[PDB]
Amino acid sequence: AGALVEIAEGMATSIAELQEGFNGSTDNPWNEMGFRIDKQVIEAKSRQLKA
Amino acid sequence: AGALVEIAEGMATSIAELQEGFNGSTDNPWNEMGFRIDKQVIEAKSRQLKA
Amino acid sequence: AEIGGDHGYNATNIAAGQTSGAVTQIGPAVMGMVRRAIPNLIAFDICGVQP
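Residue numbers (the numbering used here), protein chains in the order written: chain A, 5 to 55; chain B, 5 to 55; chain C, 169 to 219.
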């Protein structure tokens with residue numbers, strides 16, 4: 005219907021230049037990314053027949 | 005509807021290694037196979053004319 | 169009767185080499201590592217750059 009549109013904008017320079025406690029500021033942390041690395045283990049199920 | 009789906013999976017090694025009386029176990033027989041071999045007998049019917 | 173045994177099919181049991189039988193295997197091999205593919209970009213021929 006156009007009432008609710010999707011947008012995305014960058015961060016203002018005044019907030020980006022001073023990030024994570026610059027010029028006496030506080031509680032303005034960076035955003036961080038990491039990798040998880042998790043494993044899956046499978047098992048060999050058997051099968052057999054007789055005559 | 006997907007409520008009753010069709011599956012297929014093997015046997016756990018702990019249950020397949022000891023099958024039909026190994027390590028003192030019992031009441032775990034194998035699944036067996038074989039052939040039946042049944043026969044059909046036909047008869048030669050005749051057919052003739054005269055001039 | 170030295171049973172070969174198996175893991176309890178628990179993920180931790182497989183990953184730790186545990187086995188309900190006699191021997192405990194070294195490790196659960198390495199079949200490979202999957203990484204999620206980086207989504208592709210749309211290029212900038214739809215919007216002028218003007219650096």
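Heads up, the beta-carbon is just placed ideally off N, CA and C, and yes, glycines get one too.
Tell me whether residue i is buried or exposed, calling it buried when 16 or more other Cβ atoms sit within 10 Å of its Cβ.
{"i": "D174 (chain C)", "result": "buried"}
{"i": "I182 (chain C)", "result": "buried"}
{"i": "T17 (chain B)", "result": "buried"}
{"i": "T187 (chain C)", "result": "buried"}
Is the shortest distance between the beta-carbon of residue i and the beta-carbons of chain A less than 9 Å?
{"i": "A183 (chain C)", "result": "yes"}
{"i": "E47 (chain B)", "result": "no"}
{"i": "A205 (chain C)", "result": "no"}
{"i": "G38 (chain B)", "result": "yes"}
{"i": "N35 (chain B)", "result": "yes"}
Cβ of residue i less than 9 Å from any chain B Cβ?
{"i": "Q44 (chain A)", "result": "no"}
{"i": "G189 (chain C)", "result": "yes"}
{"i": "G216 (chain C)", "result": "no"}
{"i": "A211 (chain C)", "result": "no"}
{"i": "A55 (chain A)", "result": "yes"}
So what's residue i in DSSP terms, helix, strand or just coil?
{"i": "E21 (chain B)", "result": "coil"}
{"i": "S50 (chain A)", "result": "strand"}
{"i": "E36 (chain B)", "result": "strand"}
Could you spell out the range, first to last residue, of the alpha helix (DSSP H) harbouring residue i?
{"i": "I11 (chain B)", "result": "It is not in any alpha helix (DSSP H) - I11 (chain B) carries neither H nor E in the DSSP assignment."}
{"i": "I182 (chain C)", "result": "179-183"}
Please tell me whether residue i has its Cβ less than 9 Å away from any Cβ of chain C.
{"i": "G28 (chain B)", "result": "yes"}
Can you find a C-beta in chain D that's less than 9 Å from the C-beta of residue i?
{"i": "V191 (chain C)", "result": "No chain D is part of this structure, whose protein chains are labelled A, B and C."}
Residues of the stretch 12-23 of chain B whose Cβ lies closer than 7 Å to any Cβ of chain A, in chain order: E13, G14, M15, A16, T17, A20, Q23
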